[PDB]
Amino acid sequence: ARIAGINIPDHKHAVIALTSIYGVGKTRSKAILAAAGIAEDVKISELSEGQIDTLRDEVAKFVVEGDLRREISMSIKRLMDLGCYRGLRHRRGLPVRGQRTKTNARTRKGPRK
Amino acid sequence: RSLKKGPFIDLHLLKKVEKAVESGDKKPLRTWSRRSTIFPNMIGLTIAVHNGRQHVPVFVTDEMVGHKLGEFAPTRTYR
Amino acid sequence: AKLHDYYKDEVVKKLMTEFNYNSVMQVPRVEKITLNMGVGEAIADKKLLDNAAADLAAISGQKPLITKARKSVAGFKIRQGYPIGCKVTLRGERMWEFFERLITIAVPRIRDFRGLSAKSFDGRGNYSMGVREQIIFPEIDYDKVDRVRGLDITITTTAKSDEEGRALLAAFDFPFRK
RNA sequence: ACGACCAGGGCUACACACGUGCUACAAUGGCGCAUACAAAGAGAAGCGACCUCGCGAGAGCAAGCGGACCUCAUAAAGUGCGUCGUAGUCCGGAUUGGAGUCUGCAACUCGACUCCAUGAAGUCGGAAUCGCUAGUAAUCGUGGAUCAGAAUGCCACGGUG
RNA sequence: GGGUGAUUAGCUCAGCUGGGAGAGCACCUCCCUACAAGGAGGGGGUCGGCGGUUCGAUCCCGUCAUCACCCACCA
RNA sequence: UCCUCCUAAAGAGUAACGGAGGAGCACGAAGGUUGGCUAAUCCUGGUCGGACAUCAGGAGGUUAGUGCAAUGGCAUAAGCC
């Protein structure tokens, strides 16, 4: 467990093994392999055969975790006190692309009793 | 989302933008349109927007260009 | 080992140019680094402390020993010197041994940061660096990440003011900025 | 005047649940590649071929057709190889950031289309409930209307059965 | 004036060698059909206030606030 | 019944239903010892996070502790190891 990053899956497909850890997109998770000659097939579970111990800096040399969060939060850097639409909708946990709040809202605040 | 290389401002506003630094003497531009955007060429001008109840002055700086008057006189409240 | 050798030649031995002394022996020195790792949700049994200290001793050069409590901690049944955590305090060569592993090889869990402040204060010049976890060192196989465990760091020095300790802050490669 | 001319709002605002439509939780599966067997209909500021460009949406050169002409448009399930094998999964993508496309006097709010990067739920379902008697129930494909620009709702026709 | 005992889910109340809270009945949402009823699913605690003993106190100790009850006791 | 201060007179006992509070059991350890060791409280600063909360540095000092209420020795520690 926790061999590709912060996420717990034991046995995972190699072309998406760097997903769900805040540092790699779906196509990048396959492109990062072919720049190093790494295999694009068969699921991985350990640090064998150079299949992922070769990818530690190639992920970290870009925006990752809080640095990625800060970059996708550039949208509101002029709205960190000014509430105009996106401002207030980020200063509290709120929708920014429309929400039909009278249904389909559990996911915004917490699960039903 | 495609707006580039020049501001989308009407000719009735261009008659004002040429003489906008007189806004220590001249009173705010009374506007009813809210779909309208703020641009760098407009900096120095004073503007007042109808909030659907009254006209209110809106404070403009070069930091907030590319936003709409409906973001300062808010559309369908909501919080 | 190179960073303690840099401390023996490149740090404060010319400080008389900037700070007033009656002897060149007054220039500031590092005394200790105390450290801390918190037992968290295991406090009511804490027989795992021997097994948690053994993995702090996997990046530290010291032999593990267990922190005794002070003034008790909450209502968790803590009495007198009850074993409650780990410090495994660093002195001498062991201080810079650790600061040649910290953010040199132990890296895969660091947070977004680029430089800690130099103009920070306490009244003596005793600096701190926020890390929250033991941030993991890479092995040939791991199979080592489940919870990683905590880390806290504040140095102790012979300095008498925050700007005198700012000259002793030169003793490390950790990102600090003026 | 509550008019309707004009610049503009709201009718896609949620203190909470259900109905409708729908997809996954799959292995009697899904994806890519190949390939068998279609009906029906719409189509002159339309459908737009070949060909070019644009990761693509779309744009350009430009044939024919006004009806059995030429175009939308090689129908998809089905079959065959590979591959997954309880893994909160190649699955599934709410949330969401950027960059392009398109209509329009104007699209952020309350539009569509495309390409990236980021990513939660879903491992099975309570008291209960519904539809068909045969090419029917099952279940995947394909059109039509409205219309500057945009339907998953409405109507309509095939495949296996 | 003197005294006994309590204060925890809306209400009834559990939980004292001193170990970070639980049931019944309501209620709330849903199912059945429209409420009564029947069924199913779900919920959150100023566990009186301030001091003292203690590692830890609603829980042991003091003292005030409150309630219900007892009582105003010889000639 | 035992046990403690003040009142209680610079020898000494000491009244009051005077001012005020406890014990009625524990501890193989806190017992024996050679050696080694040295707070409280207030303040500054905290972390993924707090109903409670880390280890340092600054002030300070027979102000912590001693199985238990109460007082006083106490580092030669009689305090803990």
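Of the residues A:36, A:82, A:68, the one whose Cα sits farthest toward the positive end of the charge dipole of chain A, with +1 on the Cβ of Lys and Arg and -1 on the Cβ of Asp and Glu, is A:82.
Label separation (residue C:101 vs residue C:22): 4.3 nm, computed from points 7 Å beyond Cα along the C-beta direction.
Note on chain C: GNM, Cα springs under 10 Å; of C:36, C:51, C:20, the largest mean-square fluctuation is that of C:20.
Over the protein assembly as shown, DSSP H runs of length four or greater, each weighted -39,500 (n - 2.57), average out per residue to a 222 nm ellipticity of -3500 deg cm²/dmol.
Each part reduced to its alpha carbon centroid, the stretch A:10-52 and the stretch B:11-79 end up 52 Å apart.
Please list, in chain and number order, the residues 5+ apart from residue B:67 or on another chain whose amide H is under 5 Å from its amide H, with Hs placed from the backbone. Under 5 Å from the amide H of residue B:67: B:38. Please state the shape class of the stretch B:4-79: rounded when a/c is under 1.5, otherwise prolate if a/b exceeds b/c and oblate if not, all from the C-alpha gyration tensor. Cα axes put the stretch B:4-79 in the oblate bin. Based on the alpha-carbon gyration tensor of the stretch C:3-172 and its eigenvalue square roots a ≥ b ≥ c, which shape applies: rounded if a/c is under 1.5, prolate if not and a/b is larger than b/c, or oblate? Taking the square roots of the gyration eigenvalues as a ≥ b ≥ c, the stretch C:3-172 is prolate. Of all DSSP beta bridges confined to the stretch C:3-172, the antiparallel ones make up roughly 90%.
For the segment C:137-145, counting C-beta atoms of other chains within 10 Å of every residue's C-beta and taking the mean gives 4. Bridge orientation summary for the protein assembly as shown: considering DSSP beta bridges with both residues in this region, about 75 percent are antiparallel. Sparse packing (at most 14 other Cβ atoms within 10 Å of the Cβ) combined with a DSSP loop state is found for the following GluC sites (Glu not before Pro) in the stretch C:1-74: C:10, C:18. Per residue, the average separation of C-alpha pairs within less than 8 Å and at least 6 apart gives chain C a relative contact order of 31 percent. GNM remark for chain A: springs join alpha carbons under 10 Å apart, and the peak mean-square fluctuation among A:24, A:96, A:64 falls on A:96. Computed about its Cα centre, the charge dipole of the protein assembly as shown is approximately 2720 debye, with only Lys, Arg, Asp and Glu carrying charge at their Cβ. Taking amide H positions as modeled 1.01 Å from N, with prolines and chain starts lacking one, the residues under 5 Å from residue C:32 and 5 or more places away or on another chain are C:156. Taking C:109, C:91, C:79 in turn, the Gaussian network model of chain C (Cα-Cα springs below 10 Å) assigns the largest fluctuation to C:79. Based on C-alpha pairs under 8 angstrom that are at least 6 apart in sequence, chain A has a relative contact order of 18 percent.
Computed on the stretch C:1-83, with alpha-carbon pairs under 8 angstrom and 6+ residues apart, the relative contact order is 16 percent. The charge dipole of chain C, taken about its Cα centre with unit charges on the Cβ of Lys, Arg, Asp and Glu (plus for the first two, minus for the last two), comes to roughly 660 debye. I need the calculated FRET efficiency for the pair residue C:145 and residue A:42, taking r as the beta carbon distance and R₀ as 22 Å, to the nearest 0.05. Given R0 = 22 Å and the Cβ-Cβ separation, E is 0.45. Nearest 0.05, what FRET efficiency do residue B:23 and residue A:73 give at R0 = 35 Å with Cβ-Cβ as r? With a Förster radius of 35 Å, E is 0.55.
Among B:4-12, B:53-61, how do they line up from the highest to the lowest mean number of other beta-carbon atoms within 10 Å?
B:53-61, B:4-12
Sorting A:38, C:140 from the fewest to the most surrounding beta carbons within 10 angstrom yields C:140, A:38.
Exposure proxy shown here: for C:86, A:84, the number of other Cβ atoms within 10 Å sets the order, fewest to most, as A:84, C:86.
Backbone-built Cβ (ideal geometry, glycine too); neighbour counts: all protein chains shown. Since every read-out is calculated from the coordinates, none of them should be taken as a lab result.
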